[PDB]
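With CSV, C-alpha atoms inside, this is final.csv:
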```
chain,number,residue,atom,x,y,z
R,1,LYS,CA,0.0,0.0,0.0
R,2,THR,CA,1.9,3.0,-1.3
R,3,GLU,CA,0.9,6.4,-2.7
R,4,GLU,CA,2.6,9.0,-5.0
R,5,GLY,CA,2.0,12.4,-6.5
R,6,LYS,CA,3.3,12.1,-10.1
R,7,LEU,CA,2.2,10.4,-13.3
R,8,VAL,CA,3.9,10.0,-16.7
R,9,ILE,CA,2.0,10.4,-19.9
R,10,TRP,CA,2.8,8.6,-23.2
R,11,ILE,CA,1.4,9.9,-26.5
R,12,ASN,CA,2.3,8.8,-30.0
R,13,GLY,CA,0.2,10.9,-32.4
R,14,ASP,CA,-1.7,13.2,-30.1
R,15,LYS,CA,0.6,16.2,-30.8
R,16,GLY,CA,-0.8,18.8,-28.4
R,17,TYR,CA,2.3,20.9,-27.8
R,18,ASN,CA,0.8,24.0,-26.2
R,19,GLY,CA,-2.4,22.2,-25.1
R,20,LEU,CA,-0.9,19.8,-22.6
R,21,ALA,CA,1.7,22.4,-21.7
R,22,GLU,CA,-0.8,24.5,-19.8
R,23,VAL,CA,-3.0,21.8,-18.2
R,24,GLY,CA,0.1,20.2,-16.8
R,25,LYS,CA,1.3,23.3,-14.9
R,26,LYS,CA,-2.2,24.4,-13.9
R,27,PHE,CA,-2.7,21.3,-11.8
R,28,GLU,CA,0.6,21.4,-9.8
R,29,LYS,CA,-0.3,25.0,-9.3
R,30,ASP,CA,-2.9,24.0,-6.8
R,31,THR,CA,-0.3,22.4,-4.5
R,32,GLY,CA,0.5,18.8,-5.6
R,33,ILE,CA,-0.2,17.8,-9.2
R,34,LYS,CA,2.8,17.1,-11.4
R,35,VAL,CA,2.5,15.2,-14.7
R,36,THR,CA,5.4,14.1,-17.0
R,37,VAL,CA,4.8,14.6,-20.7
R,38,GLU,CA,6.5,11.9,-22.7
R,39,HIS,CA,6.0,10.6,-26.2
R,40,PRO,CA,7.2,7.3,-27.8
R,41,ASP,CA,8.4,6.3,-31.3
R,42,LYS,CA,10.4,3.1,-31.1
R,43,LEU,CA,9.4,2.1,-27.6
R,44,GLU,CA,6.9,-0.3,-29.3
R,45,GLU,CA,9.7,-2.9,-29.2
R,46,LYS,CA,11.1,-2.0,-25.8
R,47,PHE,CA,7.7,-2.4,-24.2
R,48,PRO,CA,8.0,-6.2,-23.7
R,49,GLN,CA,11.5,-5.5,-22.3
R,50,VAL,CA,10.8,-2.4,-20.1
R,51,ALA,CA,7.5,-4.0,-19.1
R,52,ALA,CA,9.1,-7.0,-17.3
R,53,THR,CA,10.2,-4.5,-14.6
R,54,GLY,CA,6.6,-3.5,-13.8
R,55,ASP,CA,5.9,-0.5,-16.1
R,56,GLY,CA,7.5,2.6,-14.7
R,57,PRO,CA,5.0,5.4,-15.7
R,58,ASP,CA,1.3,4.7,-15.8
R,59,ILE,CA,-0.3,7.0,-18.5
R,60,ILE,CA,-0.3,6.0,-22.2
R,61,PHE,CA,-2.6,6.2,-25.2
R,62,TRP,CA,-2.6,3.6,-28.0
R,63,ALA,CA,-5.2,2.0,-30.3
R,64,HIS,CA,-7.7,-0.4,-28.7
R,65,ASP,CA,-6.5,-3.5,-30.6
R,66,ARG,CA,-3.1,-3.7,-29.0
R,67,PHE,CA,-4.2,-2.1,-25.7
R,68,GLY,CA,-7.4,-3.9,-24.5
R,69,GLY,CA,-6.5,-7.1,-26.3
R,70,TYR,CA,-2.8,-7.4,-25.4
R,71,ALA,CA,-2.8,-5.9,-21.9
R,72,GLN,CA,-5.4,-8.5,-20.9
R,73,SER,CA,-2.6,-11.0,-20.6
R,74,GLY,CA,0.3,-8.7,-19.5
R,75,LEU,CA,-0.6,-6.3,-16.7
R,76,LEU,CA,-3.5,-3.8,-17.2
R,77,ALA,CA,-6.1,-2.8,-14.8
R,78,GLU,CA,-9.8,-2.4,-15.7
R,79,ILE,CA,-11.5,1.0,-15.9
R,80,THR,CA,-14.6,2.2,-14.1
R,81,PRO,CA,-17.4,4.0,-16.0
R,82,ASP,CA,-19.2,7.2,-14.9
R,83,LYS,CA,-22.5,8.9,-15.8
R,84,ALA,CA,-21.1,9.8,-19.3
R,85,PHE,CA,-22.0,6.2,-20.3
R,86,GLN,CA,-25.6,6.1,-19.1
R,87,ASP,CA,-26.0,9.7,-20.4
R,88,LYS,CA,-25.7,8.8,-24.1
R,89,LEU,CA,-22.7,6.8,-25.3
R,90,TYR,CA,-22.5,5.3,-28.8
R,91,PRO,CA,-23.4,1.6,-28.3
R,92,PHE,CA,-21.5,0.9,-31.5
R,93,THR,CA,-18.3,2.1,-29.7
R,94,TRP,CA,-18.3,0.4,-26.4
R,95,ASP,CA,-20.1,-2.7,-27.6
R,96,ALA,CA,-16.9,-3.5,-29.6
R,97,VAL,CA,-14.5,-2.4,-26.9
R,98,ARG,CA,-15.3,-5.3,-24.6
R,99,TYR,CA,-13.1,-8.2,-23.7
R,100,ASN,CA,-14.3,-11.2,-21.6
R,101,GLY,CA,-17.1,-9.0,-20.3
R,102,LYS,CA,-14.7,-6.4,-18.9
R,103,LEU,CA,-13.9,-2.8,-19.9
R,104,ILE,CA,-10.1,-2.7,-19.7
R,105,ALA,CA,-9.7,0.0,-22.3
R,106,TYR,CA,-11.2,3.3,-23.5
R,107,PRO,CA,-11.1,5.0,-26.9
R,108,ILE,CA,-9.9,8.6,-27.1
R,109,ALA,CA,-8.6,9.0,-30.7
R,110,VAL,CA,-9.9,8.1,-34.1
R,111,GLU,CA,-7.3,7.2,-36.7
R,112,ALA,CA,-8.4,6.5,-40.3
R,113,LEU,CA,-8.3,7.6,-44.0
R,114,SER,CA,-10.3,9.7,-46.5
R,115,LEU,CA,-10.7,9.3,-50.2
R,116,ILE,CA,-9.1,12.4,-51.8
R,117,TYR,CA,-10.9,14.1,-54.7
R,118,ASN,CA,-9.7,17.0,-56.9
R,119,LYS,CA,-11.5,20.4,-56.6
R,120,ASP,CA,-13.2,20.1,-60.0
R,121,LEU,CA,-10.8,18.4,-62.4
R,122,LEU,CA,-12.7,15.1,-62.5
R,123,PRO,CA,-16.3,15.1,-63.8
R,124,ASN,CA,-18.0,11.6,-63.6
R,125,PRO,CA,-20.5,9.4,-61.8
R,126,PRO,CA,-19.0,8.7,-58.3
R,127,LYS,CA,-21.5,5.9,-58.0
R,128,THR,CA,-19.2,3.3,-59.6
R,129,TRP,CA,-15.5,2.6,-59.0
R,130,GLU,CA,-14.9,1.5,-62.5
R,131,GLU,CA,-15.6,5.1,-63.6
R,132,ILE,CA,-12.3,6.1,-61.9
R,133,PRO,CA,-9.9,3.8,-63.9
R,134,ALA,CA,-11.4,5.0,-67.2
R,135,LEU,CA,-10.7,8.6,-66.2
R,136,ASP,CA,-7.1,8.0,-67.3
R,137,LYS,CA,-8.3,8.0,-70.9
R,138,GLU,CA,-9.4,11.6,-70.8
R,139,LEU,CA,-6.7,12.6,-68.4
R,140,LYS,CA,-3.8,11.0,-70.2
R,141,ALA,CA,-5.3,12.1,-73.5
R,142,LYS,CA,-3.9,15.6,-72.7
R,143,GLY,CA,-0.9,15.3,-70.3
R,144,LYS,CA,-2.1,14.3,-66.8
R,145,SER,CA,-3.6,11.6,-64.7
R,146,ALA,CA,-6.9,11.5,-62.6
R,147,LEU,CA,-5.4,9.0,-60.2
R,148,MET,CA,-1.9,8.0,-58.9
R,149,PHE,CA,-0.7,5.8,-56.1
R,150,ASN,CA,1.3,2.7,-55.1
R,151,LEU,CA,0.7,-0.8,-56.4
R,152,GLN,CA,2.5,-3.3,-54.2
R,153,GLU,CA,1.5,-1.9,-50.8
R,154,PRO,CA,-1.1,-3.1,-48.2
R,155,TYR,CA,-3.0,0.1,-48.6
R,156,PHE,CA,-4.5,-0.2,-52.1
R,157,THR,CA,-4.6,-3.8,-53.3
R,158,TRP,CA,-6.2,-5.0,-50.0
R,159,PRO,CA,-8.9,-2.2,-50.0
R,160,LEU,CA,-9.5,-3.0,-53.6
R,161,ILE,CA,-9.8,-6.7,-53.3
R,162,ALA,CA,-12.0,-6.2,-50.2
R,163,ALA,CA,-14.8,-4.6,-52.2
R,164,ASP,CA,-15.5,-8.1,-53.6
R,165,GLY,CA,-16.2,-10.2,-50.6
R,166,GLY,CA,-12.8,-11.6,-49.4
R,167,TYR,CA,-12.6,-12.1,-45.7
R,168,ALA,CA,-9.4,-12.6,-43.8
R,169,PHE,CA,-10.2,-14.4,-40.5
R,170,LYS,CA,-13.2,-15.6,-38.6
R,171,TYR,CA,-13.9,-13.1,-35.8
R,172,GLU,CA,-17.1,-13.3,-33.9
R,173,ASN,CA,-17.8,-11.0,-30.8
R,174,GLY,CA,-14.2,-11.2,-29.6
R,175,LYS,CA,-12.6,-14.5,-30.5
R,176,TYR,CA,-11.4,-16.7,-33.4
R,177,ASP,CA,-12.4,-20.2,-34.4
R,178,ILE,CA,-9.3,-22.1,-35.4
R,179,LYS,CA,-8.9,-22.5,-39.1
R,180,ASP,CA,-11.7,-20.4,-40.5
R,181,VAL,CA,-10.5,-18.3,-43.4
R,182,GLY,CA,-12.5,-16.5,-46.1
R,183,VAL,CA,-9.7,-16.2,-48.7
R,184,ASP,CA,-10.2,-19.6,-50.5
R,185,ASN,CA,-13.4,-18.4,-52.2
R,186,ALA,CA,-14.6,-16.7,-55.4
R,187,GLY,CA,-14.6,-13.3,-53.8
R,188,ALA,CA,-10.9,-13.2,-53.0
R,189,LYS,CA,-10.0,-14.8,-56.3
R,190,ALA,CA,-11.9,-12.4,-58.5
R,191,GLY,CA,-10.4,-9.6,-56.5
R,192,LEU,CA,-6.8,-10.6,-57.0
R,193,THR,CA,-7.4,-11.2,-60.7
R,194,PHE,CA,-8.8,-7.7,-61.3
R,195,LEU,CA,-5.9,-6.0,-59.6
R,196,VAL,CA,-3.5,-7.6,-62.1
R,197,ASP,CA,-5.4,-6.2,-65.1
R,198,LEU,CA,-5.1,-2.7,-63.6
R,199,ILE,CA,-1.3,-2.8,-63.4
R,200,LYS,CA,-1.0,-4.2,-66.9
R,201,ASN,CA,-3.6,-1.8,-68.4
R,202,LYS,CA,-1.9,1.2,-66.7
R,203,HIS,CA,1.9,0.7,-66.4
R,204,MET,CA,1.9,-2.5,-68.4
R,205,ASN,CA,5.1,-3.4,-66.5
R,206,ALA,CA,4.6,-2.1,-63.0
R,207,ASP,CA,7.5,0.4,-62.6
R,208,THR,CA,5.9,2.8,-60.1
R,209,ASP,CA,8.1,3.5,-57.1
R,210,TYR,CA,7.7,5.6,-53.9
R,211,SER,CA,9.5,8.6,-55.3
R,212,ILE,CA,7.6,8.1,-58.6
R,213,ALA,CA,4.1,7.9,-57.1
R,214,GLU,CA,5.0,10.4,-54.4
R,215,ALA,CA,5.2,13.1,-57.1
R,216,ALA,CA,1.5,12.9,-57.6
R,217,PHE,CA,0.4,12.8,-53.9
R,218,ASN,CA,2.9,15.6,-53.3
R,219,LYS,CA,1.0,18.0,-55.5
R,220,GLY,CA,-2.3,16.2,-55.2
R,221,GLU,CA,-3.1,17.3,-58.7
R,222,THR,CA,-4.8,14.1,-59.5
R,223,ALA,CA,-8.0,12.6,-58.3
R,224,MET,CA,-6.3,9.8,-56.4
R,225,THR,CA,-4.5,10.2,-53.1
R,226,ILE,CA,-4.9,8.2,-49.9
R,227,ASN,CA,-3.9,9.8,-46.6
R,228,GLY,CA,-4.7,9.8,-42.9
R,229,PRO,CA,-4.4,12.1,-39.8
R,230,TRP,CA,-1.1,10.6,-39.0
R,231,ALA,CA,0.6,10.6,-42.4
R,232,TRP,CA,0.9,14.3,-43.4
R,233,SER,CA,4.3,15.6,-44.2
R,234,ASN,CA,5.0,19.2,-43.2
R,235,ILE,CA,1.9,21.2,-42.3
R,236,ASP,CA,2.5,24.6,-43.9
R,237,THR,CA,-0.4,27.0,-44.1
R,238,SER,CA,-1.3,26.1,-47.7
R,239,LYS,CA,-4.0,27.8,-49.8
R,240,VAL,CA,-5.3,24.9,-51.9
R,241,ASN,CA,-8.7,23.4,-51.4
R,242,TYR,CA,-9.0,19.6,-51.2
R,243,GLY,CA,-12.0,17.3,-51.4
R,244,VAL,CA,-12.5,14.5,-48.9
R,245,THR,CA,-15.0,11.8,-49.7
R,246,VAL,CA,-15.7,8.2,-48.8
R,247,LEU,CA,-15.1,5.2,-51.1
R,248,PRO,CA,-18.0,4.0,-53.4
R,249,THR,CA,-19.0,0.4,-54.0
R,250,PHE,CA,-17.6,-2.4,-56.1
R,251,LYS,CA,-19.7,-5.1,-57.9
R,252,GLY,CA,-22.4,-4.2,-55.4
R,253,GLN,CA,-20.6,-4.3,-52.1
R,254,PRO,CA,-18.1,-1.8,-50.4
R,255,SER,CA,-14.6,-2.6,-49.2
R,256,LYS,CA,-13.4,-3.2,-45.7
R,257,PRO,CA,-10.4,-0.9,-44.8
R,258,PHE,CA,-8.9,0.2,-41.5
R,259,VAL,CA,-10.7,1.8,-38.6
R,260,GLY,CA,-8.9,2.9,-35.5
R,261,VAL,CA,-9.6,3.9,-31.9
R,262,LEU,CA,-7.0,4.6,-29.2
R,263,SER,CA,-7.6,2.9,-25.9
R,264,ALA,CA,-6.3,4.5,-22.7
R,265,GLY,CA,-5.1,2.4,-19.8
R,266,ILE,CA,-2.9,2.0,-16.8
R,267,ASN,CA,-0.8,-0.9,-15.5
R,268,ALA,CA,-2.3,-3.4,-13.0
R,269,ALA,CA,-0.2,-1.6,-10.4
R,270,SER,CA,-1.5,1.9,-10.4
R,271,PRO,CA,-1.5,3.7,-7.0
R,272,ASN,CA,-4.8,4.9,-5.6
R,273,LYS,CA,-7.7,3.8,-7.8
R,274,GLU,CA,-10.1,6.5,-6.6
R,275,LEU,CA,-7.4,9.2,-7.1
R,276,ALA,CA,-6.7,7.9,-10.6
R,277,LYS,CA,-10.3,7.8,-11.7
R,278,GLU,CA,-10.8,11.3,-10.3
R,279,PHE,CA,-7.6,12.8,-11.8
R,280,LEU,CA,-8.1,11.2,-15.2
R,281,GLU,CA,-11.9,11.8,-15.3
R,282,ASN,CA,-11.2,15.5,-15.0
R,283,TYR,CA,-7.8,15.5,-16.8
R,284,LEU,CA,-8.4,14.2,-20.4
R,285,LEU,CA,-12.2,14.1,-20.1
R,286,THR,CA,-13.3,17.8,-19.5
R,287,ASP,CA,-13.1,21.2,-21.1
R,288,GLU,CA,-10.1,21.7,-18.8
R,289,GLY,CA,-7.7,19.3,-20.3
R,290,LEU,CA,-9.7,18.1,-23.4
R,291,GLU,CA,-9.9,21.5,-25.0
R,292,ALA,CA,-6.2,21.6,-24.5
R,293,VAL,CA,-5.4,18.6,-26.7
R,294,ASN,CA,-8.6,18.6,-28.9
R,295,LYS,CA,-9.4,22.4,-28.8
R,296,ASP,CA,-5.9,23.8,-29.1
R,297,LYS,CA,-6.5,22.5,-32.6
R,298,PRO,CA,-9.0,19.9,-34.1
R,299,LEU,CA,-7.6,16.7,-35.5
R,300,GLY,CA,-9.3,13.7,-34.0
R,301,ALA,CA,-12.9,13.1,-33.1
R,302,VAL,CA,-13.9,12.1,-29.5
R,303,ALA,CA,-16.3,9.4,-28.4
R,304,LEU,CA,-18.8,12.0,-27.2
R,305,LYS,CA,-22.3,12.6,-28.8
R,306,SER,CA,-22.6,16.1,-27.2
R,307,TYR,CA,-19.2,17.3,-28.5
R,308,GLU,CA,-19.6,15.8,-32.0
R,309,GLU,CA,-23.1,17.4,-32.2
R,310,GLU,CA,-21.5,20.8,-32.7
R,311,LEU,CA,-18.6,19.1,-34.4
R,312,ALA,CA,-20.7,19.4,-37.6
R,313,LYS,CA,-18.1,22.0,-38.7
R,314,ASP,CA,-15.2,19.6,-38.6
R,315,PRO,CA,-15.1,17.1,-41.6
R,316,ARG,CA,-12.7,14.7,-39.8
R,317,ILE,CA,-15.2,12.8,-37.7
R,318,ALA,CA,-18.0,13.2,-40.3
R,319,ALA,CA,-16.2,12.0,-43.4
R,320,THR,CA,-14.6,9.0,-41.5
R,321,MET,CA,-18.0,8.4,-39.9
R,322,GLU,CA,-19.2,7.1,-43.3
R,323,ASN,CA,-16.6,4.3,-43.6
R,324,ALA,CA,-16.8,3.6,-39.8
R,325,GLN,CA,-20.4,2.6,-40.1
R,326,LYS,CA,-19.6,0.2,-42.9
R,327,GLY,CA,-16.0,-0.8,-42.0
R,328,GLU,CA,-14.1,-3.5,-40.2
R,329,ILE,CA,-12.1,-3.2,-36.9
R,330,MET,CA,-8.3,-3.9,-37.2
R,331,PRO,CA,-7.2,-7.5,-36.3
R,332,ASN,CA,-5.8,-8.6,-32.9
R,333,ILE,CA,-4.4,-12.1,-33.6
R,334,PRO,CA,-0.7,-13.1,-33.9
R,335,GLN,CA,-1.5,-15.7,-36.5
R,336,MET,CA,-2.6,-13.0,-38.9
R,337,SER,CA,1.0,-11.9,-39.2
R,338,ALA,CA,1.6,-15.0,-41.2
R,339,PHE,CA,-0.5,-13.5,-44.1
R,340,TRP,CA,2.5,-11.3,-44.9
R,341,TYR,CA,4.0,-14.5,-46.4
R,342,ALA,CA,0.9,-14.9,-48.5
R,343,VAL,CA,0.6,-11.4,-50.0
R,344,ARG,CA,4.2,-11.5,-51.1
R,345,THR,CA,3.8,-14.9,-52.9
R,346,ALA,CA,0.4,-14.0,-54.2
R,347,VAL,CA,1.0,-10.6,-55.9
R,348,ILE,CA,4.8,-10.5,-56.1
R,349,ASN,CA,5.5,-14.1,-57.0
R,350,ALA,CA,2.5,-14.3,-59.4
R,351,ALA,CA,3.5,-11.0,-60.9
R,352,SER,CA,7.0,-12.4,-61.7
R,353,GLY,CA,6.0,-14.8,-64.4
R,354,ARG,CA,6.2,-18.2,-62.8
R,355,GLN,CA,3.3,-18.1,-60.3
R,356,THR,CA,-0.3,-18.7,-61.1
R,357,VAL,CA,-3.1,-17.2,-58.9
R,358,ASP,CA,-4.5,-20.7,-58.7
R,359,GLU,CA,-1.6,-22.4,-57.0
R,360,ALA,CA,-0.3,-19.2,-55.4
R,361,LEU,CA,-3.5,-17.9,-53.7
R,362,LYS,CA,-5.4,-21.2,-53.3
R,363,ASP,CA,-2.5,-23.4,-52.1
R,364,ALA,CA,-1.4,-20.5,-49.9
R,365,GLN,CA,-4.5,-20.9,-47.8
R,366,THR,CA,-3.8,-24.6,-47.0
R,367,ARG,CA,-0.2,-23.8,-46.3
R,368,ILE,CA,-1.0,-21.1,-43.7
R,369,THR,CA,-3.2,-23.5,-41.8
R,370,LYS,CA,-0.7,-26.3,-42.2
```
Can the structure in the file be given as structure tokens, please?
Amino acid sequence: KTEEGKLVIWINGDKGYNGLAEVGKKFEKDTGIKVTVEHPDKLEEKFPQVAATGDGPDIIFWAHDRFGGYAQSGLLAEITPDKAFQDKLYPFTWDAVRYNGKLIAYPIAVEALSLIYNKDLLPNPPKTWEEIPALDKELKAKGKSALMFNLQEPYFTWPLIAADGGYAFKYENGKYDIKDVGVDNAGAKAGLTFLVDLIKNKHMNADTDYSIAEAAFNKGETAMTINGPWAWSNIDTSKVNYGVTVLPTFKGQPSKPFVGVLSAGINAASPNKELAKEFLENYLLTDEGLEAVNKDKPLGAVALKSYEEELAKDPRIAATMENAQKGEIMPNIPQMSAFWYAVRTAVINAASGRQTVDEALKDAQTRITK
């Protein structure tokens, strides 16, 4: 039974330079509230090493997948809810942030992507995706392109082959089956086959690099750029208007890309539970500290119906809200990491010239399981 008067924060994508700067000093100002502002970068690998000691600090924000799903085995204490829940909380948010009937994680950051569109240099029916690829005919017909992006990255092919009906793993409620995979079907096959025609009908050789494709996204002068809140290079007070819209449908069904929520939590050794719940409930959960990090400057939407209700002005929470309703939550299984060996042999190997999608993709399923 020991008590202390200090807490260390850990943020990796919150930013808030001036925001947290004030709130931190304002508390100690009373007569006993000192918070240490720290931010990680590569500590992701040190965690399992520096954790074996018992977790020094006790304040860190990270997505819910590797927070409420991994901590459940390491050393993370559950959180207690207040009246903000009964008040009017989005059931679609907490209903998914449950594990073994326990709430050992809370979301306080939405990370995801938008579909970029060009001011008015792309007239067409945004009801069909196929309308996009054809845009190259009229665009290239002069000396430009309506779309430009990578081709061998897990940010385009996957989201493109997902709008067909190709599942990855069997996840119900909050657990997996054993060998239930939805890749050895007609949905995944037809999706991997279409992606190949695009590369041949566009580059006809696939010679697009990062510096080559970066040229387009850099000047965003083409109706195809994919970016997120945590992938912007150099802010700079620009003066160019950009259009943010959500992806259409394919064949009749949308695609399943990435949705992200940051779960907050403390180690199963936090001092004073009542003092923690009180300090945190009024720290990063009120106009006192919240406005600091989410009002100094808007960037991420919060899990509050009351706040978002005025939030109608910000297009971050609104635009992403479209895909969120019809999207899939990131994975939380270690076996899924094996798929990396699949995508390389499926697209890369098959794109070489001595690998057929039949034996490459189909046989790949049986290999992963055995």
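Taking CA of residue 181 (chain R) as the reference point, CA of residue 358 (chain R) is found at 16.6 Å.
Nearest residue to residue 256 (chain R), choosing from R:72, R:345, R:225, R:157 and counting only C-alpha atoms: R:157.
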- Message: If I take CA of residue 90 (chain R) and CA of residue 297 (chain R), how far is one from the other in Å, to one decimal?
- Response: 23.8 Å
- Note on the structure: Min atom-atom distance to residue 246 (chain R) from the set R:370, R:26, R:326, R:170, counting all atoms listed in the file, belongs to R:326
- Task: Show which residues sit within 12 Å of region 94-96 of chain R, as a VMD selection string. Count all atoms listed in the file, and ignore same-chain residues fewer than 5 positions away.
- Result: chain R and resid 64 to 65 68 to 69 81 85 to 86 88 to 89 101 to 108 171 to 175 260 to 261 263 303 to 304 328 to 330
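Shortest separation to residue 346 (chain R) among R:193, R:201, R:53, R:93 occurs at residue R:193, atoms counted being all atoms listed in the file.
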- Task: With a distance cut-off of 8 Å and all atoms listed in the file, select the neighbouring residues of residue 208 (chain R), excluding the residue or stretch itself and same-chain residues fewer than 4 positions from it, and output the selection as a ChimeraX atom specification.
- Result: /R:150-151,203,212-213
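You can rank R:179, R:137, R:46, R:39 by their closest distance to residue 59 (chain R) using only C-alpha atoms, and at the top of that list sits R:39.
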- Could you tell me, as an MDAnalysis selection string, which residues have any atom at most 9 Å from (-0.1, 4.0, -18.9), counting all atoms listed in the file? chainID R and resid 7:10 55:61 76 264:267 270
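Considering the residues R:280, R:11, R:20, R:79 and counting only C-alpha atoms, residue 295 (chain R) has its shortest atom-to-atom contact with R:20.
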- Message: Report as an MDAnalysis selection string all protein, DNA and RNA residues lying within 10 Å of residue 293 (chain R), evaluated on only C-alpha atoms, omitting residues in the same chain fewer than 3 positions from it.
- Response: chainID R and resid 14:21 23 284 287:290 296:300
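With distances restricted to all atoms listed in the file, R:124 is the closest residue to residue 138 (chain R) from R:2, R:369, R:124, R:245.
In this structure, CA of residue 187 (chain R) sits 21.0 Å away from CA of residue 200 (chain R).
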- Message: Give me the residues near residue 279 (chain R) as a PyMOL selection string, where near means some atom within 12 Å (using all atoms listed in the file) and where sequence neighbours in that chain fewer than 3 positions away do not count.
- Response: chain R and resi 5-7+23-24+27+32-35+59+271-276+282-286+288-289
